[PDB]
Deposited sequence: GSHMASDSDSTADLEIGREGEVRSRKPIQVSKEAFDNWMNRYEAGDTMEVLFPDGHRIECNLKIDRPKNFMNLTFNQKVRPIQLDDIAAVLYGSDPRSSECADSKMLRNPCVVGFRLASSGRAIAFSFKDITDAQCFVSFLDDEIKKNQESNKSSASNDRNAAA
């Protein structure tokens, strides 16, 4: 069921065990979808390297690398609606917004928490 967003706009209680599992999978590399403005998606592999402060999107042997340092915002809730599986975030460098869709809500909410930590770090 859709999240309903406040008039103000978009500018999480997940278990630690769930996060730890999420984190292990995607550090290994695991599957998600990148949303696009025209509304099509592509199935990618998302691999997080915490030491290197990058996360790599692999599609068709093509890798869009994202710097963890780069992440500036996470968009996930507060008729404006968001499917719970879909997480949007903005990059500081491009000023662009990207949407990942995860295989379930839990995973999405983990990516939200992971993003939150990186953002706090980045703000120092």
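Peer 1: When the deposited sequence is counted from residue 1, which ranges lack any model?
Peer 2: Those stretches are 1 to 11, 23 to 27, 95 to 104, 151 to 164, listed in order.
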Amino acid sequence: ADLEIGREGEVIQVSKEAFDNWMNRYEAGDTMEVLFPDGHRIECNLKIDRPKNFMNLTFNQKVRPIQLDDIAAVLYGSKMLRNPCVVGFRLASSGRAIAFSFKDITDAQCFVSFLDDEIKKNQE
From here on, numbers count along this sequence of modelled residues.
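Peer 1: Quick check on the record: does 61 to 69 or 26 to 34 carry the larger mean Cα temperature factor?
Peer 2: Per the deposited B-factors, the answer is 61 to 69.
Peer 1: Regarding 52 to 60 and 39 to 47, which shows the higher C-alpha temperature factor on average in the entry?
Peer 2: Higher mean C-alpha B-factor: 52 to 60.
Peer 1: For the listed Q13, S101, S113, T106, which has the peak Cα B-factor recorded in the PDB entry?
Peer 2: Top of the list by C-alpha B-factor: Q13.
Peer 1: Considering every modelled residue of the chain and its Cα B-factor in the PDB entry, is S94 in the lowest, middle or highest third?
Peer 2: Answer is middle: the recorded C-alpha B-factor places it there.
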